[PDB]
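Enquirer: Quick one, what's the 3D model for this:
(one chain, ligands or ions: 1)
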Amino acid sequence: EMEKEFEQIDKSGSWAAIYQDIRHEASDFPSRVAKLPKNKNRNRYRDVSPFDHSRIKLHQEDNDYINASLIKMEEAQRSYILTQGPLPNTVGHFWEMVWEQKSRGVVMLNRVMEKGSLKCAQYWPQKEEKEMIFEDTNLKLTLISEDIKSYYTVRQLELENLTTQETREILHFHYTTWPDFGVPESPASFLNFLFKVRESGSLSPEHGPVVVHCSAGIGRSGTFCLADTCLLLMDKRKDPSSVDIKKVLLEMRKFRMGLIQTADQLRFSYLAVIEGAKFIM
Ligand SMILES: Cc1sc2ncnc(N(C)C)c2c1C
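Expert: Residues are numbered from 1 along each chain as shown. Next up is the structure itself:
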């Protein structure tokens, strides 16, 4: 049982050691499309690339590339798109991906500015009456409503395909209180946020995969889909304590490199799953 594994690693202070064994064991697949010179300005970080086998392709004949990966968790029946925070020049590609993949939710785990630098383009409207038009991808985005709470904001957005005049409602879930340095002290507000995204229907198989991002789409984004998948597997299995968080993380790392960036994020992921689990038992 992980609760005991948690105390063992914690009492021994072995988090940096566990984390290194995960780094060592992690899959390595080609990322040739990401490294093409015509795609250099489509990537926020030169060392964070989608694998070719799991990359999301845009349906535009010119350049199909976006820094985004499909994470398919077969046993949990959960899919996620993990992506980088859009760049000024990729905001249109981001919304094209949301449209083409039939996503119902976008989960954002960063602020636009952190540590005095821009982590992300402002890719949604700030006011009802000031909609955004993405000329390159022929999409219109309108803010419908905004509900600001202590730890997160939920926004209802309308995305319109200007080509076909179809419209869809997108839910934007913005976790606003992840600290600039390290991880939250308690997973309570993170778990409430998770169950809010679930209650929305955004993680359900009758929609396309949820889009999850932070700045790089690997660290906080990793913690989100690791906690969700682990908790779902505990519901599904005859023996809930058969769930090994290290094994689940390695399965997820087949689909996108570097998920969970620090030993602190790994410790936080264990805490989140343990607390969530105990919130059933
Ligand atoms: C950590 C949280 S928040 C939340 N909201 C509604 N239902 C829940 N259960 C019991 C599945 C939870 C859990 C386990």
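
Enquirer: how near is residue 276 to the ligand?
Expert: Look at residue 276 and the ligand: by C-beta to the nearest ligand atom, to the nearest Å, they are 4 Å apart. (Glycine included, C-beta is placed from N, CA and C.)

Enquirer: Convert the C-alpha atoms of the helix or strand in which that residue is found to PDB, please.
Expert: Element membership for residue 276, per DSSP states H and E: helix 263-278. Below are the C-alpha coordinates for helix 263-278, written out as PDB (Å, rounded to 0.1, in the frame of the first residue of the first chain):
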ATOM      1  CA  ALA A 263      10.700  15.000  -6.700                       C
ATOM      2  CA  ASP A 264       8.400  17.500  -4.900                       C
ATOM      3  CA  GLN A 265       5.700  17.100  -7.700                       C
ATOM      4  CA  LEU A 266       6.100  13.200  -7.200                       C
ATOM      5  CA  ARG A 267       5.600  13.500  -3.400                       C
ATOM      6  CA  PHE A 268       2.600  15.900  -4.000                       C
ATOM      7  CA  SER A 269       1.100  13.300  -6.500                       C
ATOM      8  CA  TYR A 270       1.300  10.600  -3.800                       C
ATOM      9  CA  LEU A 271      -0.200  12.900  -1.200                       C
ATOM     10  CA  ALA A 272      -3.100  13.900  -3.600                       C
ATOM     11  CA  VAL A 273      -3.900  10.200  -4.400                       C
ATOM     12  CA  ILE A 274      -3.600   9.100  -0.700                       C
ATOM     13  CA  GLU A 275      -5.900  12.000   0.500                       C
ATOM     14  CA  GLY A 276      -8.400  11.500  -2.400                       C
ATOM     15  CA  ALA A 277      -8.500   7.700  -1.700                       C
ATOM     16  CA  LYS A 278      -9.000   8.200   2.100                       C
END
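
Enquirer: Would you mind pulling up the elements that it packs against?
Expert: In terms of contacts (3 or more C-beta pairs under 8 Å, 6 or more residues apart in numbering; DSSP states H and E), helix 263-278 is packed against helix 2-11, helix 15-25, helix 188-199, helix 220-236, helix 245-252.

Enquirer: and these, which is most packed in?
Expert: Mean neighbours per residue, mean count of other C-beta atoms under 10 Å, is largest over the helices and strands packed on helix 263-278 for helix 220-236, with a mean of 23.

Enquirer: what's near enough to touch residue 26?
Expert: Listed by C-beta atoms under 8 Å, 6 or more residues apart in numbering, the contact set of residue 26 reads 250, 253, 257-258.

Enquirer: sorry, back to before: quick one: which of the helices and strands packed on helix 263-278 is nearest residue 89?
Expert: Nearest to residue 89 among those is helix 220-236 (21.0 Å), distances taken as C-beta to C-beta.

Enquirer: which outside residues touch the closest one?
Expert: For helix 220-236, contacts defined as C-beta under 8 Å, 6+ apart pick out 71, 73, 75-78, 80, 82, 107, 109-110, 175, 178, 183, 190-191, 194, 198, 203, 212-214, 240, 243, 245, 248-249, 252, 258-261, 265, 268-269, 272-273, 276-277, 280.
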